[PDB]
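Have a look below at one chain only, the form deposited in one PDB entry, in structure tokens format.
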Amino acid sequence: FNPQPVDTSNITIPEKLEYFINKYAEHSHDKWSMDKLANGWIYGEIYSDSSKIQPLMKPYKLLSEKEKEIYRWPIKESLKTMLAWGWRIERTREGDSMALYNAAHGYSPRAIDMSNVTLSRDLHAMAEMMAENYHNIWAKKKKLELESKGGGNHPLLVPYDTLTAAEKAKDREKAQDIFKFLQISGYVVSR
């Protein structure tokens, strides 16, 4: 097993994707904030572990560039892989289905039920390729970690296509999420 992730070191993201990166990063932050809230954290001015106060629980537009980058970075990494593969990416006029969807800083993040969104057979297949690439990224890093600890093995150091569903899940869910968000935000990806 020699995992080689798609090399995206020289990929430039075209301007047409900036809207998406900003919107999906905002969504990712809203998800993070809602998860924090469910775990007993609230917004406040000064961070505290003991009081469970998280100054990051505010609107995405109010975050610093470094704070936004936490969310933008992996999204950009995912998009660069699509771009490296030459996948066609187009904004559409009528495809932004999320538009129709029915506290400090007035912040009220809402969940999106992604299980309401369906991917075509071809898009599911493209998501599987993305998932496999996420696995290869992890696997290459793990293979290097082990080699540098003197050796050893790992049950997940096999090709993605030989993993079971439970083992595929983390990477599959990440891949399906970006494709679903592309769809509902008005982008059409094809090959």
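Numbers for residues come from their place in the sequence shown, where the first is 1. In this text, the rigid core denotes the largest set of C-alpha atoms whose superposition between the two forms falls within 1.5 Å.
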- Note on the structure: With B-factors read from the PDB entry, the higher C-alpha mean of 84-92 and 105-113 is in 105-113
- Mind pulling up the entry and telling me whether 134-142 or 153-161 has the higher mean Cα temperature factor? 153-161
- Note on the structure: From the entry's CA B-factor values, the highest among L56, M129, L123, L37 is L37
- Message: If I read the C-alpha B-factors straight from the PDB entry, which of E26, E69, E45, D49 is highest?
- Response: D49
- Query: C-alpha B factor of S9, ranked within the chain: lowest, middle or highest third?
  - Reply: highest
- Entry-reported Cα temperature factor of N2, expressed as the chain third it lands in: highest
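This next part talks about the form deposited in another entry, which is not shown.
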- Query: Does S120 move its CA by 2 angstroms or more between the shown form and the other one when the core is aligned?
  - Reply: no
- Message: Once you overlay the rigid core, does the Cα of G95 travel 2 Å or further between the shown form and the other one?
- Response: yes
- Query: After fitting the rigid core, is the C-alpha of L163 off by 2 Å or more between the shown form and the other one?
  - Reply: yes
- Looking in the other entry, are the Cα atoms of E94 and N22 closer together or farther apart than here, the change being 3 Å or more? closer
- Task: Kindly indicate if, in the other entry, the C-alpha atoms of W87 and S97 are closer or farther apart than in the structure shown, bearing in mind the change is 3 Å or more.
- Result: farther
